[PDB]
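Residue-level structural notes
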Number of protein chains: 6
Amino acid sequence: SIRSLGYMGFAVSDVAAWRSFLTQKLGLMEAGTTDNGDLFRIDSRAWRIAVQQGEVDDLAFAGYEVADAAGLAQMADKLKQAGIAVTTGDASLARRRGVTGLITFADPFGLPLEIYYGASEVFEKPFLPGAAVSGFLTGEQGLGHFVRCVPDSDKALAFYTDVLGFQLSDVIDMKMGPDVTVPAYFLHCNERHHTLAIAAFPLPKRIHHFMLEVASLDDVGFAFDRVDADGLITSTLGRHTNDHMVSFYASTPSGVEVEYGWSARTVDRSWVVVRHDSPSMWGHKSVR
Amino acid sequence: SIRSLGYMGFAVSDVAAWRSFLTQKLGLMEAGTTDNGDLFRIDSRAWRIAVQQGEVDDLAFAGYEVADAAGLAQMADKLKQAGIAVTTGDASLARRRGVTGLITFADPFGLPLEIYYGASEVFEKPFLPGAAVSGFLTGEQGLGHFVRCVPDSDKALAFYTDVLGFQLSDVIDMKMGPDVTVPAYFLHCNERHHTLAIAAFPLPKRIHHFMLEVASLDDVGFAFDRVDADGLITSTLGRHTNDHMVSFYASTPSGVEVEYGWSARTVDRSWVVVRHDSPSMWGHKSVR
Amino acid sequence: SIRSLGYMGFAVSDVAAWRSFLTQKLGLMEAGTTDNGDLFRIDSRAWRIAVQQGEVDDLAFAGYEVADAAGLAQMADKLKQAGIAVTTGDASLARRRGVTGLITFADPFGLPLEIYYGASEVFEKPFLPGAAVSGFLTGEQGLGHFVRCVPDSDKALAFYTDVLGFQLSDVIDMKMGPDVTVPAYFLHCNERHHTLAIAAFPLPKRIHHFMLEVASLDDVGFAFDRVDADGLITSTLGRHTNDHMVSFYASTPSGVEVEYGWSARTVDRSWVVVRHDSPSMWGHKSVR
Amino acid sequence: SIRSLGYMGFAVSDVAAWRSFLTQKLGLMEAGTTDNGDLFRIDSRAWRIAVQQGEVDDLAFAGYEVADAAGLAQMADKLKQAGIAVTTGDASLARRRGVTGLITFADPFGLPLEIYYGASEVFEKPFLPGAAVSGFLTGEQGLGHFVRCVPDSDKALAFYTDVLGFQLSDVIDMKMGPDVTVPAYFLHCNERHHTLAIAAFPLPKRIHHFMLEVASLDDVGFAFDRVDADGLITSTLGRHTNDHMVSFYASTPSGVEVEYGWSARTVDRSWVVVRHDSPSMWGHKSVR
Amino acid sequence: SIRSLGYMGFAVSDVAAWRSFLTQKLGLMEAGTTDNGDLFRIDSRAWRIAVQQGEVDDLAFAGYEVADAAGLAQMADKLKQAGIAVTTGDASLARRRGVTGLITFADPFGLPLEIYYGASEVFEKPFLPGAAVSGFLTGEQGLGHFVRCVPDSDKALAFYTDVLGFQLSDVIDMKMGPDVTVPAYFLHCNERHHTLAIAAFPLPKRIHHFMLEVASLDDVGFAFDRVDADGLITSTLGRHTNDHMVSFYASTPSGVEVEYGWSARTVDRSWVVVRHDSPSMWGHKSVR
Amino acid sequence: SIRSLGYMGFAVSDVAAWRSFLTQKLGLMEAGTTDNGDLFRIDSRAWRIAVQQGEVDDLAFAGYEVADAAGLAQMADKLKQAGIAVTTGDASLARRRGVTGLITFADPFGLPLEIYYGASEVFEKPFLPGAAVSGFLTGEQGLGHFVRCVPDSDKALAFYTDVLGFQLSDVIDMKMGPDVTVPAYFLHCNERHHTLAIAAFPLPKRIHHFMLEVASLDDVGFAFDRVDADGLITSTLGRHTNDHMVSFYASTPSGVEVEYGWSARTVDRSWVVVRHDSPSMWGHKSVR
Ligand SMILES: Cc1cccc(O)c1O
Ligand SMILES: Cc1cccc(O)c1O
Ligand SMILES: Cc1cccc(O)c1O
Ligand SMILES: Cc1cccc(O)c1O
Ligand SMILES: Cc1cccc(O)c1O
Ligand SMILES: Cc1cccc(O)c1O
Ligand SMILES: [Fe+2]
Ligand SMILES: [Fe+2]
Ligand SMILES: [Fe+2]
Ligand SMILES: [Fe+2]
Ligand SMILES: [Fe+2]
Ligand SMILES: [Fe+2]
Ligand SMILES: [Fe+2]
Ligand SMILES: [Fe+2]
Ligand SMILES: [Fe+2]
Ligand SMILES: [Fe+2]
Ligand SMILES: [Fe+2]
Ligand SMILES: [Fe+2]
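Structure determination for this PDB entry was carried out by X-ray crystallography, with a resolution of 1.9 Å recorded in the header.

Here it is, written out as structure tokens:
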């Protein structure tokens with residue numbers, strides 16, 4: 001069973017811009033360059049984000065973490081039973097990712113996905129942020145979340161819930177103009193309100209944004225000013241209606257957006273599915 | 001599985017009297033008028049109580065909340081297997097209620113019931129009470145409770161426990177005169193001591209009272225004076241023997257009573273069924 | 001310096017009525033009869049209330065406690081310097097009161113007052129209430145409080161503040177009819193909001209009421225029913241505006257009233273004098 | 001000794017605009033109109049802000065609170081010894097302000113000031129905000145603070161510290177252009193970081209802004225959107241360097257600004273005076 | 001000003017019996033033998049109890065601790081002003097005691113007393129008890145207490161309070177037969193209820209007993225059995241009325257008794273002097 | 001009155017070695033270079049340590065912080081009354097130090113000392129350590145401490161206690177060989193066990209070491225390895241007997257040592273002077 005989103009990889013046209021953006025604006029730690037690409041850390045794990053040179057300027061792959069080898073076997077089995085083409089990653093790929101075992105496949109719309117177990121910890125190389133950030137929230141909640149843009153939400157929903165096992169948290173009916181309302185589905189696989197959201201938005205990218213969660217309000221406020229100085233803010237500070245995250249959005253060098261937030265609420269056993277008509281309680285004024 | 005009582009609707013002869021009673025006396029928030037009727041809020045949900053014009057001057061319907069679409073399916077199945085006529089609410093009714101999906105049916109004695117999932121939240125329109133009330137207790141405990149008057153308690157008990165899944169908390173042997181003792185059964189579907197109580201009382205209404213729980217003793221004390229000013233108190237302040245709620249009772253414009261309380265105890269896994277011979281430890285002097 | 005109100009004595013016409021009232025209705029502990037009269041306890045002290053046969057049917061004397069012999073000396077000196085006639089209680093009186101040393105005198109309007117130190121504790125005879133009461137709040141706050149009725153508030157105020165050292169907490173302008181508004185002054189000598197209140201009320205007694213504070217809301221609720229059964233309630237449950245005490249008032253066999261409350265707020269160093277136009281936030285409906 | 005800022009009065013050209021601004025945008029409670037003007041509440045006190053019709057469109061007077069009559073006497077004495085013309089407010093003014101006693105005078109630059117004791121509490125009329133606000137922080141910290149604009153900071157400083165007794169918290173060197181740096185002095189009279197700030201800013205008003213502190217971040221976020229809707233924001237959300245308050249600034253109908261914040265730090269006994277070169281850690285982008 | 005009882009020395013006829021008693025029965029740590037005698041520890045201090053060979057079989061001297069050299073000077077001055085013969089301990093005595101400075105003198109009835117400052121700590125030699133004891137309570141409360149038997153309580157009281165500065169906690173009227181009642185005075189110099197008690201008991205020793213306080217009830221229970229095995233118990237387990245200590249008493253090899261207790265209450269600023277007629281709430285049955 | 005040690009300045013022969021040592025080994029933040037020298041931060045203050053090129057390779061000056069201008073005046077007065085030559089720092093020096101006001105003078109043995117008030121805070125430039133360090137403990141405890149080597153301890157003691165106002169915490173008799181025992185005196189001016197220690201050690205430097213305190217054990221462990229890699233450790237990890245600090249010592253490029261520790265205990269009002277015969281409970285093995 002998938003426990004969390006463990007890592008993500010981006011294929012970008014300007015690797016240098018990304019390196020500077022992630023470290024100096026967002027405060028991630030530069031962890032070196034390997035055949036896996038430029039590596040960035042936010043906690044004890046050897047890397048959480050990989051940046052590789054590429055033409056797409058988008059998310060290249062995402063890795064979901066299981067607890068152990070048995071969990072990996074279960075997922076591989078579940079995918080095969082669903083008719084999905086799964087490939088047991090070879091030692092070379094496993095070594096490149098720094099994991100113990102992994103399987104590779106793609107979602108219904110071509111996003112390369114990986115499920116793995118036994119990632120590398122580097123407690124001996126204590127995390128030191130590239131900018132003043134008190135800390136990132138990961139742990140059992142994993143890396144954070146991202147919104148997957150799809151041409152067909154129902155097909156995407158079936159794959160992610162029925163095959164991958166994500167559970168629905170809530171739905172937000174996004175009013176995009178008078179004759180257009182698009183439902184965005186928020187899914188969880190652990191306590192984090194959502195690790196994945198699905199929506200049929202008309203965008204040139206695989207994802208609308210990815211999100212990183214920090215430990216204090218000041219982390220967000222300081223990062224906002226750093227990003228604003230270069231005119232990269234896309235949405236002002238605000239708080240979401242569903243996860244209650246206080247955040248701002250900014251544009252990465254690839255056009256893909258990043259959400260930087262704090263204080264999200266978690267999902268518990270007493271959770272019930274609900275619907276909303278607005279994605280924000282306050283703030284989040286679009287300055288795009 | 002039913003998680004809680006989510007909403008209630010009243011069909012009354014004097015809608016204006018009700019509007020003034022709920023907002024000015026009890027402190028509910030007016031949430032507008034729709035084809036669902038005059039809507040009132042007590043928390044983040046779009047509405048909890050609906051008031052419609054009608055001749056019965058009584059509870060018109062009650063909606064029980066399940067966690068998701070699977071839960072709705074389970075309940076529909078359970079009802080069908082019991083031989084109950086269930087109707088899958090159409091999009092029009094679902095839209096009118098502001099829910100994602102729902103099924104409709106009636107209890108053995110004609111009370112229209114609805115089981116739904118995916119109600120609407122309105123965090124962007126922060127709750128502001130119509131009178132000075134610090135807050136209402138809902139959350140996982142739902143709306144509150146009501147006492148269903150029935151001609152046959154055993155038939156009602158079987159339906160609510162065996163078909164709807166409520167569990168018995170305790171029983172109170174109500175001494176109504178020398179030759180009459182009527183057992184009142186208190187049932188729960190979550191932590192709240194009881195979400196439903198059943199008793200064969202000789203009343204012209206479907207329910208004896210509905211109850212709303214507030215956050216502080218002062219909320220109760222202030223509301224008591226507001227209600228008393230118009231001579232609407234039916235029972236003085238007292239504390240119940242079973243749920244330990246400190247409350248007073250008052251008459252609504254429909255004759256149906258409302259209980260306004262604070263500090264009830266909850267039911268846990270170690271709970272055991274017991275019986276009582278009195279419904280109150282102290283207070284609750286009838287001034288009817 | 002006066003630390004608290006330590007004990008009170010009543011001279012009543014019906015000693016038996018008082019004994020039954022204090023133990024069975026209020027829950028005090030009967031502590032035996034001596035030359036000091038029928039003694040009642042509420043904590044570890046040998047006695048807090050003494051009931052003696054007498055014609056006045058009123059408060060006969062009150063004893064204020066100092067910390068030690070030096071404190072007694074200070075107060076005696078302060079009184080003498082003010083021209084008050086003070087009498088050093090003799091060993092016989094000290095033994096009768098169960099104290100180590102004491103001085104006697106009277107307030108400007110004839111109420112016998114005593115200031116003493118070294119009262120008797122009886123931890124070896126654990127307190128057992130005469131009725132179901134979880135506990136009384138005394139400790140550093142002392143016995144409770146009483147309202148002294150006087151013909152001239154200014155003269156009384158000067159004596160109690162300038163000579164006895166009480167400090168003003170707040171004032172309540174009591175509206176007693178269209179052409180009459182009487183200010184009631186509330187004074188403290190420790191954390192308890194007020195140990196003494198002064199008002200020019202037209203009453204045949206030295207005090208309007210004395211107050212005892214209990215540990216839980218249920219103590220108050222149960223006592224209310226016990227007292228109400230005999231038709232002795234004078235004011236329904238309510239909460240005061242100044243000390244925030246939740247209480248009810250009842251008539252004692254002498255006509256003097258008793259206030260039985262819970263949850264009063266205390267006075268701290270940041271306290272500032274304020275004024276109120278009402279003595280109650282809610283409740284306290286006079287049923288006299 | 002001055003314990004806090006207790007109330008403020010504004011003389012404005014558009015009373016209706018102010019009424020709507022304070023209740024609907026900021027969430028204050030309308031408390032009626034008297035010869036003291038339109039009254040607004042934020043807590044248990046009968047009024048904290050008074051709005052009167054007037055030509056200045058500015059702060060008309062401010063009242064500082066002492067603990068009691070002795071404190072009032074001390075301050076009156078201190079002012080007289082300093083050669084300040086003090087007037088003992090007459091019963092008519094005291095009644096108009098709803099206080100027990102007060103003295104009136106002016107600061108060195110003509111701002112009418114009042115020092116009083118024994119203000120009116122109205123616990124019987126529970127605070128109900130005009131907009132969704134969880135609460136305002138007052139208590140021992142008083143009303144909030146305001147920045148007094150003066151032509152000569154040193155003269156103002158001497159009066160406020162040496163005569164009124166305020167203590168310096170810190171100084172911020174405000175860089176207003178290449179050839180201009182103006183020191184702003186922040187003073188406290190209790191735990192609140194500053195109740196008064198003094199700066200020689202070139203403004204047509206007596207004060208730059210007044211500040212109200214709320215209980216949660218959401219109170220600030222929601223109010224920001226309410227104010228922004230009418231285009232009244234003057235500074236975006238940010239956090240100050242000295243008091244660590246998270247706030248935004250907005251324009252009132254008089255041009256005078258209001259700061260609405262949350263989470264300020266307090267001053268303790270271990271506090272030491274420091275200096276800063278910036279008034280904000282992050283945010284507070286001027287949108288004037 | 002005396003801060004606490006720091007150490008005690010005994011002059012006994014059977015040093016070996018004492019060594020075995022203190023370590024094996026009470027659990028003290030043997031700290032070696034010096035010209036100061038056999039040393040025993042109960043905490044970080046180099047020694048708290050010294051046992052020397054001697055004929056008296058009693059307390060030979062007690063040392064009271066001041067905070068520093070200034071405190072020592074104050075006490076020396078206070079004693080001289082009282083006409084007491086004080087001797088500044090020489091370097092040889094100071095070195096023998098392991099202190100920085102000390103003065104010697106005697107109480108009115110010949111008990112050698114010492115007031116010192118700058119005792120030796122031995123954190124590098126961690127405390128290891130001679131028997132299973134979780135810990136001893138010392139710290140700011142010092143060593144414990146002892147009861148000084150005197151022929152004249154009033155003379156002793158004057159010396160200890162007026163000259164040494166101890167403060168009275170309470171008094172217990174000890175009923176020793178029909179025609180004899182002896183008051184025992186309990187004095188404190190810090191939070192410990194009493195560091196010294198004075199009573200005119202007819203005993204051949206300078207003290208009735210000394211007391212050591214342990215950290216848990218089991219420490220007391222286990223020690224009781226160890227002592228009882230040798231038939232040395234003098235009083236069964238019980239709890240005192242004044243300090244609320246749960247303890248038992250036992251005979252030392254010198255006839256002098258030792259009290260071993262747990263859970264005593266402390267004295268605070270709100271403390272007031274009281275009197276008791278019994279020294280125990282329960283237990284403490286004399287088995288002498 | 002001196003509140004704490006605020007800053008220190010070093011005059012060294014190899015500024016580059018120091019820059020690398022402080023940032024890379026100890027984790028301080030580089031704060032730029034000014035006419036005050038290379039500046040390093042450990043908290044919100046603009047700088048705490050200044051490194052200037054110089055021949056002495058030692059501590060050049062230390063600055064003690066007072067709360068305000070009045071405190072500065074008091075100290076200046078105290079020094080003058082003692083016959084010490086004090087110089088009111090001019091605006092140029094004040095600006096160079098980034099303080100509001102300061103006075104300069106020297107200790108009896110030539111160490112330049114400064115007492116100042118109103119240092120600069122830079123909350124807008126959040127602290128970011130040069131190495132992985134969770135945080136430094138400063139606040140009311142100030143910078144840390146240093147041991148001043150002197151030829152005459154008694155003369156130094158008189159100056160620091162009688163003139164500067166430091167209070168003695170404790171003394172450690174340092175056994176330096178058979179015929180040599182040197183007392184080291186530890187003094188405090190706030191909660192930190194000692195801000196200054198004085199000892200007549202035969203060293204070529206003004207100070208034996210300065211100490212910086214970090215927030216966690218791992219901060220110390222990681223720094224130890226960083227320093228050990230270059231063979232700079234002088235004492236292994238250990239814990240002191242007096243302040244209970246867990247620390248290691250290392251050599252700076254000037255030969256002067258630095259102590260890096262965690263978990264020291266503080267001094268409270270109940271503190272009493274004591275003596276020790278060892279400076280360490282465990283560890284601190286000299287590897288010099
Ligand atoms: C668009 C959107 C809506 C709700 C929560 C989110 O985190 C989000 O990005
Ligand atoms: C009648 C009754 C009895 C017990 C608990 C209740 O809430 C109630 O209404
Ligand atoms: C009359 C009255 C008013 C305020 C507080 C009280 O306790 C009281 O008795
Ligand atoms: C201008 C300014 C600077 C610091 C704190 C404040 O509250 C403020 O208004
Ligand atoms: C005799 C006696 C009485 C009260 C407390 C004690 O500790 C004691 O020893
Ligand atoms: C030498 C020494 C002794 C005790 C505590 C210390 O911090 C220290 O440096
Ligand atoms: Fe789930
Ligand atoms: Fe998001
Ligand atoms: Fe159950
Ligand atoms: Fe009920
Ligand atoms: Fe007071
Ligand atoms: Fe009262
Ligand atoms: Fe201050
Ligand atoms: Fe401000
Ligand atoms: Fe005392
Ligand atoms: Fe004892
Ligand atoms: Fe000290
Ligand atoms: Fe050190």
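Now for the site of ligand 1. All names here are of chain A. In the region of ligand 1, the neighbouring residues are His 145, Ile 172, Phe 186, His 194, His 209, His 240, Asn 242, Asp 243, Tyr 249, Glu 259 and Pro 279. Taking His 209, its side chain carries an N or O atom lying 2.9 Å from an oxygen atom of ligand 1. Looking at the shell around ligand 1 residue by residue, the classes come out as 4 nonpolar, 5 polar and 2 charged.

All names here are of chain C. Close to ligand 3 lie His 145, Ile 172, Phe 186, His 194, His 209, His 240, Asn 242, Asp 243, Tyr 249, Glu 259 and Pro 279. Between ligand 3 and the protein, one listed contact pairs an oxygen atom with a side-chain N or O atom of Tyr 249 at 2.5 Å. Take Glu 259: an N or O atom from its side chain is 3.3 Å from an oxygen atom of ligand 3. Relative to its unbound accessible area of 270 Å², ligand 3 is 92% covered by the protein chains.

All right, on to the layout of surface pockets then. The volume enclosed by the second largest pocket comes to roughly 1,400 Å³. If you go around the second largest pocket, you meet 50 residues; those closest to its centre are D:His188, D:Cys189, D:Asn190, D:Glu191 and D:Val267. For the lining of the second largest pocket, the secondary-structure elements that each account for two or more residues are α4 (153-163), β10 (167-175) and β11 (181-188) of chain D together with α2 (69-81) of chain F. Considering each element in turn, the lining of the second largest pocket owes the most residues, 4 residues, to β10(D). Partitioning the lining of the second largest pocket into residue classes produces 20 nonpolar, 12 polar and 18 charged.

Let's shift gears to the environment of E:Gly6. All names here are of chain E. By the secondary structure assignment, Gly 6 is in strand β1 (residues 4-12). Residue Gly 6 is classed as buried on the basis of its relative accessible area, which comes to 2%. For the pair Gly 6 and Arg 48, spaced 42 residues apart in sequence, the C-alpha separation works out to 6.7 Å. If near-sequence neighbours (up to four positions away) are discounted, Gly 6 is found in contact with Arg 48, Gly 63, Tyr 64, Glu 65, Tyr 116 and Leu 143.

Turning to the sheet that holds strand β13 (residues 207-213) of chain C, a few remarks are in order. Residue and element names in this part refer to chain C. Spatially, the 10 strands line up as an open sheet ordered β17-β10-β11-β12-β9-β13-β16-β15-β14-β18, and their pairing is mixed. Each end of this open sheet is capped by a strand with a single partner; those strands are β17 (274-276) and β18 (280-283). In this sheet, neighbouring strand axes are inclined to one another by 25° on average, regardless of whether the strands run parallel or antiparallel. Of the strand pairs in this sheet, strand β14 (residues 233-240) and strand β15 (residues 246-251) are connected by 4 bridges, and their pairing is antiparallel.

Right, let's talk about the pattern of salt bridges for a bit. Tallied over the full model, the rule gives 86 salt bridges over all chains. Salt-bridge contacts for D:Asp35 lead to D:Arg96; the nearest nitrogen and oxygen are separated by 2.8 Å. In this pair, D:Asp35 is assigned in the loop between β2 (29-34) and β3 (37-41) and D:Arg96 in helix α3 (residues 91-97), connecting sequence segments 61 residues apart. Taking relative accessible area as the criterion, D:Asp35 reaches 54% and is therefore assigned exposed. F:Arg192 is paired through a salt bridge with F:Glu213; the nearest N and O atoms lie 2.8 Å apart. Of this pair, F:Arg192 sits in the loop between β11 (181-188) and β12 (196-199) while F:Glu213 sits in strand β13 (residues 207-213), and the two are 21 residues apart along the sequence. The exposure classification of F:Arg192 matches that of F:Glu213, with both residues buried. Each of the salt bridges in this network shares a partner with another, and the network as a whole consists of A:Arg19, A:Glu30 and A:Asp38.

Right, let's talk about the interface of chain B and chain A for a bit. Taken together, the 15 residues of chain B in the interface contact 14 residues of chain A. Across the interface of chain B and chain A, roughly 1,100 Å² is buried in total on both sides, 54% from carbon and sulfur atoms. Along the contact surface separating chain B from chain A lie 0 salt bridges. At the surface where chain B touches chain A, the tally comes to 9 residue pairs in polar contact. Along the lines of polarity and charge, the residues of the side of chain B that touches chain A split into 4 nonpolar, 4 polar and 7 charged.

Residue and element names in this part refer to chain B. Notably, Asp 57 is not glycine yet its phi reads approximately 55°, a positive angle. Its place among the elements puts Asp 57 in the loop between β4 (49-53) and β5 (58-65). The residue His 244 is not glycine, and still its phi comes out positive at about 60°. Residue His 244 is classed as partly exposed on the basis of its relative accessible area, which comes to 22%.

All names here are of chain B. Protein ligation of the iron ion (ligand 10) involves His 145 (NE2), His 209 (NE2) and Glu 259 (OE), the donor distances falling in the range 2.0 to 2.3 Å. Mapping the donors of the iron ion (ligand 10) onto the primary sequence yields the spacing H-x63-H-x49-E. Pair noted here: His 145 is in strand β9 (residues 145-149) and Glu 259 is in strand β16 (residues 257-262), with a separation of 114 residues, a long-range link. What makes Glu 259 buried here is its relative accessible area of 1%.

Let us now look at the domain arrangement of chain A. All names here are of chain A. According to the domain assignment, chain A contains domain 1 (1-132) and domain 2 (133-287). The C-alpha-based centres of domain 1 and domain 2 are spaced at 19 Å. Listed as interface residues are 47 residues of domain 1 and, on the opposing side, 46 residues of domain 2. Considering only the side of domain 1, the residues that lose the most area to domain 2 are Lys 25, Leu 26 and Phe 109, jointly responsible for 18% of the buried surface there. Connecting domain 1 to domain 2 are 2 salt bridges. One salt bridge connects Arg 148 with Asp 107, and the closest N-O pair in it is separated by 2.8 Å. Viewed at the interface, domain 2 and domain 1 are joined by 17 residue pairs in polar contact. Within the residue set of the side of domain 1 that touches domain 2, elements represented by two or more residues are β1 (4-12), α1 (15-25), β5 (58-65), α2 (69-81), β7 (101-106) and β8 (112-117). At 7 residues, the largest contribution of residues to the side of domain 1 that touches domain 2 is made by β1. In the side of domain 1 that touches domain 2, the residues fall into 34 nonpolar, 5 polar and 8 charged.

Basis of the calculations
Within each chain the numbering goes from 1 in written sequence order, not necessarily matching the entry, and residues lacking coordinates are not shown. Chains and ligands are labelled sequentially in the order written, the chains with letters from A and the ligands with numbers from 1. These chains belong to a larger assembly; all numbers given describe just the chains displayed. With hydrogens and water excluded, all non-hydrogen atoms of the structure serve as input to the side-chain values. If a single non-hydrogen atom of a residue is within 4 Å of a molecule or strand, that residue counts as near it. Residues adjacent in sequence count toward polar contacts only when both atoms are side-chain atoms; beyond that, a polar contact is any pair of N or O atoms within 3.5 Å, and within protein one must be able to donate a hydrogen and the other to accept it. For this scheme, ten residues count as nonpolar: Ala, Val, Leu, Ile, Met, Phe, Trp, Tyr, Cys and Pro. Four count as charged, namely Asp, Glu, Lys and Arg, and the remainder, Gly too, count as polar. In this description, accessible areas are obtained by the Shrake-Rupley approach with a 1.4 Å probe, and a residue is regarded as covered only by the protein chains that are shown. The definitions used throughout rest on a 1 Å grid laid over the protein atoms alone, on which a cavity is an enclosed set of points accommodating a 1.4 Å probe that cannot get out and a pocket is an open set flanked by protein within 12 Å on both sides along at least five of seven lines; lining residues are those having an atom within 4 Å of a point. Grid points are joined across faces, edges and corners, and a volume is the space filled by probe spheres set on the points. Starting at the N terminus, helices and strands are each numbered in turn, a helix being any DSSP run of H or I of at least four residues and a strand any DSSP run of E of at least two. A simple rule labels every residue: compare its accessible area, found with a 1.4 Å probe on the protein chains alone, to the largest value its type can have, and call it buried under 20%, exposed over 50%, or partly exposed in between. Pairs of residues are marked as contacts when any of their non-hydrogen atoms sit within 4.5 Å. Two strands pair if DSSP finds at least two bridges between them. Helix axes are fitted only over the stretch in contact, all axes being lines through C-alpha atoms; the angle between N-to-C directions runs from 0 to 180 degrees. For this analysis, a salt bridge means a side-chain nitrogen from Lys or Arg found within 4 Å of a carboxyl oxygen belonging to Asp or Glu. Accessible-area loss on putting two parts together, using a 1.4 Å probe and summing over both, is the definition of buried area adopted here. Distances define the donors: N, O and S atoms within 2.8 Å of the metal qualify, as do those within 3.2 Å of Na, K or Ca. Water is excluded, so some sites may look unfinished. Domain extents, as shown, originate in an automatic or database domain assignment.

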